[PDB]
Every structure is written in C-alpha cells, then in structure tokens.
Amino acid sequence: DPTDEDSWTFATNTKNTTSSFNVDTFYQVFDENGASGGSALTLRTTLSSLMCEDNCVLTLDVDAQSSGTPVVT
Amino acid sequence: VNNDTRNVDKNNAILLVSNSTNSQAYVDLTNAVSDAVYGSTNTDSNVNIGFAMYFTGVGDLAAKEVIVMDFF
Numbered sequence: 290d291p292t293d294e295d296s297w298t299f300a301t302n303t304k305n306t307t308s309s310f311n312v313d314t315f316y317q318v319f320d321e322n323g324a325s326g327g328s329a330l331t332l333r334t335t336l337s338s339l340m341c342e343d344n345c346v347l348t349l350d351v352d353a354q355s356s357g358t359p360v361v362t
Numbered sequence: 652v653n654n655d656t657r658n659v660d661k662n663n664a665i666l667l668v669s670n671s672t673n674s675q676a677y678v679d680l681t682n683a684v685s686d687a688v689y690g691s692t693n694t695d696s697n698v699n700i701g702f703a704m705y706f707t708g709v710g711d712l713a714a715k716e717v718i719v720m721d722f723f
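Shown next, in the form of structure tokens:
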C-alpha cells in the first residue's frame, strides 16, 4: 500500500515439524493502529509467482542448539 | 503389475515422500527405508528398482520437463 502503513504477520517457527504446518506470510492481519485488520490468508504458494527472489519469508529458530531453554520469546 | 494380478514379489513399495507441498525438498530418509533396502532375503542383483510419482494439479505438461532426484 503506498498511502497507508502495511502490517505483515508471519509464521516463523521453523522447528514446528507438524506435517500440516508450513511457513507462511500474511498481509494486514492486524490494522496499523493495533486493531484487527481482516482475516489471514495463505501466500506461500504464491510468493514464487510474485517476484520474491527468496526475500519474502521470515524464519525463526529460538534455540540453535536445542538446549531446552529458548533464547527468544 | 498389481498385487491382485501376480504375487511374485512379497513387497514392492517403499514410500519416501507423501503429499509434500514443496517440489523442492532435501529430506532425511528414515531408518525404515534403510531397513527395507536390506529387508529382502532375495538376491540383490536379481531385483530391479523403480521410482514412482503421485501428484495432483498437473493437468498441463510442457514440451520439455525436468526430473532431478538423487540419493545422498
């Protein structure tokens, strides 16, 4: 959006090994002022067709050593 | 062939990938695959190997298609 601020809600958990779960990017889940900005819709099956050269996905791994103490919350 | 047609081979299928949403994947094979590779008492040279594919949403095929899948 060129006129308003854009909010993007992610799913960055890389180690969620559930088969039905997949890393995805979402647009305007929350309004820019903190309120609800609408429903969340899948985009990962699309980001290949939207000229994203590996620059539209955020992945987070809280514990790189799996020590049982997540660094980042 | 099919199981209901002939019973020459006791087992002829070893699943590796099941309904993956990503065409690009570098997955670690489970110990079951390794066990099944050595899980037959028949002569290894007397049995051939085949690779199978099942997919959906491919109702259009181009002139040239590329298939790359190796073992590490």
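Taken in sequence, the protein lines are chains B and C. Take the first sequence: its letter number 59 is residue 348 in PDB author numbering, and every next letter is one higher. Take the second sequence: its letter number 10 is residue 661 in PDB author numbering, and every next letter is one higher. The C-beta atom is built at its ideal place from N, Cα and C for all residues, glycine as well.
Using three-state DSSP, classify residue i as helix, strand or coil.
i, result
"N305(B)", "coil"
"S696(C)", "helix"
"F723(C)", "coil"
"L349(B)", "strand"
"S325(B)", "strand"
Could you give the residue range of the alpha helix (DSSP H) that holds residue i?
i, result
"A683(C)", "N682 to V688"
Considering only C-alpha positions, which residue in the set the options is nearest to residue i?
i, options, result
"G708(C)", "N654(C), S671(C), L666(C) and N663(C)", "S671(C)"
"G701(C)", "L667(C), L680(C) and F723(C)", "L667(C)"
"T692(C)", "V652(C), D660(C) and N653(C)", "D660(C)"
"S674(C)", "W297(B), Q354(B), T314(B) and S337(B)", "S337(B)"
At which residues does the beta strand (DSSP E) containing residue i begin and terminate?
i, result
"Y705(C)", "Run containing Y705(C): none; DSSP gives neither H nor E here."
"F299(B)", "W297 to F299"
"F315(B)", "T314 to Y316"
On the premise that residue j lies in contact with residue i, defined as a C-beta separation below 8 Å, what is that separation, rounded to the nearest angstrom?
i, j, result
"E294(B)", "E321(B)", "4 Å"
"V361(B)", "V346(B)", "That belief does not hold up - the Cβ atoms of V361(B) and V346(B) are roughly 18 Å apart, past 8 Å."
"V318(B)", "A329(B)", "5 Å"
"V312(B)", "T348(B)", "6 Å"
"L332(B)", "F310(B)", "No, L332(B) and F310(B) are not in contact; Cβ-Cβ is about 15 Å, not under 8 Å."
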